[PDB]
Amino acid sequence: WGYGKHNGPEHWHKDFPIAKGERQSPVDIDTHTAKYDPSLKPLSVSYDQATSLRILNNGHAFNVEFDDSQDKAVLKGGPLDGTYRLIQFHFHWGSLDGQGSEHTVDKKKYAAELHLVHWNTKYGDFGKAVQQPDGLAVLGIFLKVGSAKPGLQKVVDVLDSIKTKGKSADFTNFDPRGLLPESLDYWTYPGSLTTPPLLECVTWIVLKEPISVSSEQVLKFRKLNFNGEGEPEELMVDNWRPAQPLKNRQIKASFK
Ligand SMILES: [O][B]1([O])O[C]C2=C1[C]=C(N1[C]=C([C]OC3=[C][C]=C(F)[C]=[C]3)N=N1)[C]=[C]2
Ligand SMILES: [Zn+2]
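Residues numbered from 1 in each chain as written, not as in the entry; some residues may be left out. Chains lettered and ligands numbered in written order. Heavy atoms only, no water.

In the PDB header, X-ray crystallography is given as the technique by which the entry was determined, and 1.22 Å as its resolution.

**Remarks on the site of ligand 1**
Our working definition: Near residues are defined by distance, with any heavy atom within 4 Å of the molecule or strand qualifying the residue. Think of a polar contact as two N or O atoms within 3.5 Å of one another; within protein, one of them needs to be a possible hydrogen donor and the other a possible acceptor, and neighboring residues in sequence only count if both atoms come from side chains. Method for areas: the Shrake-Rupley scheme with a 1.4 Å probe, in which residue coverage is limited to the protein chains shown. A run of H or I in DSSP counts as a helix once it spans at least four residues, and a run of E counts as a strand once it spans at least two, with each numbered from the N terminus. In the scheme used here, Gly and all other residues not listed as nonpolar or charged are polar, with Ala, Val, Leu, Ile, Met, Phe, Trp, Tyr, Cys and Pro taken as nonpolar and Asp, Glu, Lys and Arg as charged.
Of all residues adjacent to ligand 1, which total 13 residues, the nearest are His90, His92, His115, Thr194 and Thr195. At 3.0 Å, a side-chain N or O of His115 approaches an oxygen atom of ligand 1. Within the contact set of ligand 1, an oxygen atom lies 2.6 Å away from a side-chain nitrogen or oxygen of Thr194. Bound to the protein, ligand 1 loses 71% of the 530 Å² it would expose on its own. Within the residue set of the shell around ligand 1, elements represented by two or more residues are β7 (84-93) and β9 (112-120). With three residues, the top contributor of residues to the shell around ligand 1 is β7. When grouped by side-chain class, the residues that make up the shell around ligand 1 number seven nonpolar, six polar and no charged.

**Remarks on the UniProt feature "active site" in the protein chain**
For clarity, the threshold we go by: UniProt positions are given in the numbering used here, feature names are shortened, and annotations may be inferred rather than shown by experiment. Here, residues are in contact when the closest pair of their heavy atoms is within 4.5 Å.
As annotated by UniProt and renumbered to match this structure, "active site" occupies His60. Within the secondary structure, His60 is located in the loop between β4 (52-57) and β5 (62-66). Once residues lying within four places of it in the same chain are set aside, the contact partners of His60 are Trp1, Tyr3, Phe226, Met236 and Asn239.

**Concerning the nonpolar core**
In a soluble, globular protein the nonpolar side chains are often hidden away together inside. Where we set the bar: Among buried residues, those of type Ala, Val, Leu, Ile, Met, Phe, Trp, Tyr and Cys that are joined through side-chain atoms within 4.5 Å constitute a nonpolar core. Exposure categories follow from relative accessible area, calculated using a 1.4 Å probe and restricted to protein chains: below 20% of the type maximum is buried, above 50% is exposed, and the middle band is partly exposed.
Counting 48 residues, the largest nonpolar core has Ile55, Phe62, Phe89, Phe91, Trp93, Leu116 and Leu139 as the members making the most contacts within it. At the level of elements, β5, β7, β9, β10 (136-145), α2 (153-158), β13 (202-207) and β14 (211-213) are the ones that each hand at least two residues to this core. The greatest single-element share of this core, amounting to five residues, is contributed by β7. Once residues within four sequence positions are removed from consideration, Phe91 is found in contact with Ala61, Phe62, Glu113, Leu114, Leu143, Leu152, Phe221 and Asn239. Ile87, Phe142, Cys201 and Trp204 belong to the second-largest nonpolar core, a separate cluster that totals 23 residues.

**Considering the coordination of the zinc ion (ligand 2)**
Stated formally: A 2.8 Å cut-off from the metal defines N, O and S donors, relaxed to 3.2 Å for Na, K and Ca; water is not in the atom list, so some sites may appear incomplete.
Protein coordination at the zinc ion (ligand 2) comes from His90 (NE2), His92 (NE2) and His115 (ND1), with a distance range of 2.0 to 2.1 Å. Spacing between the donor residues of the zinc ion (ligand 2) along their common chain follows H-x1-H-x22-H. Of this pair, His92 sits in strand β7 while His115 sits in strand β9, and the two are 23 residues apart along the sequence. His115 gets classed as buried once you look at its relative accessible area, which sits at 2%.

**Some points on the pairing of β7**
So the rule is basically this: One bridge is not enough; two strands pair if DSSP finds at least two bridges between them.
Of all 10 residues in β7, 10 are buried, a share of seventy percent or more. When β5 meets β7, the two strands line up antiparallel, connected through two bridges. Considered in β7, the bridge of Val64 is made with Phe89. Two strands pair when backbone bridges link them, and strand β6 (residues 74-77) and β7 are joined in this way by two bridges, in the antiparallel orientation. The partner of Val74 across the bridge, within β7, is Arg85. Linking β6 to β7, which pair antiparallel, is a turn of six residues; within it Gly78 sits at a positive phi near 55°. Alignment of β7 against β9, held across nine bridges, turns out to be antiparallel. By the bridge assignment, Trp93 is partnered in β9 with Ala112.

Given below as structure tokens:
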């Protein structure tokens, strides 16, 4: 599977029939139809003890991986019951500034979308958590092109060292707090992985406030390669799944 005409989102259902399931992601967030839920709690994002390890080009995106063998970087509160440990973050982005996000807001596409991936500690490991309807909590953050994001530049600067599929680099001592906007106001809904195997295991928490990144920062994302070293060059761009039908779901807002 991939993001080409021949292996992209329109083809995934043949290997992963859940692609046409009842709680697929991403979705369009209709801001006028989302329901303010005054009983939703503030998010608790606790990243002060986060231990970043490595950055990997996996042929679909790049992952910044964390030590998830202890409660070092956790997400709690909001719609969540219990404790979710940060395992990795990655992005989805476009070939052009007017596309790249997976979620949309009133049909608006952002230049990119950050996914901070967390798993429910009551399931013991990530592999068990993805088999559960409440196994993952993904914090989604939109990127718009404007001012540079200083907290992103360490990521941008290392991408030269992981250009091709299967390359990795040390990525210790990275603080993911530098990727957050000021506000933790959010939308939430039950959904899925946006990539095969498209498992319906995710509580989505999408922040209302986008972060700003510079044109030069997102340009560097677009110089990555989907291919391995010594293969024909395929730029890693447009690694996003389009919005899927909402079906029998309500999107809830933490704010009025
Ligand atoms: O880009 B996204 O769609 O957005 C959100 C998101 C994405 C991919 C993952 N993700 C996939 C894998 C692969 O590991 C697996 C192991 C066992 C499985 F059964 C499935 C996957 N690891 N993290 C997690 C969260
Ligand atoms: Zn993702």
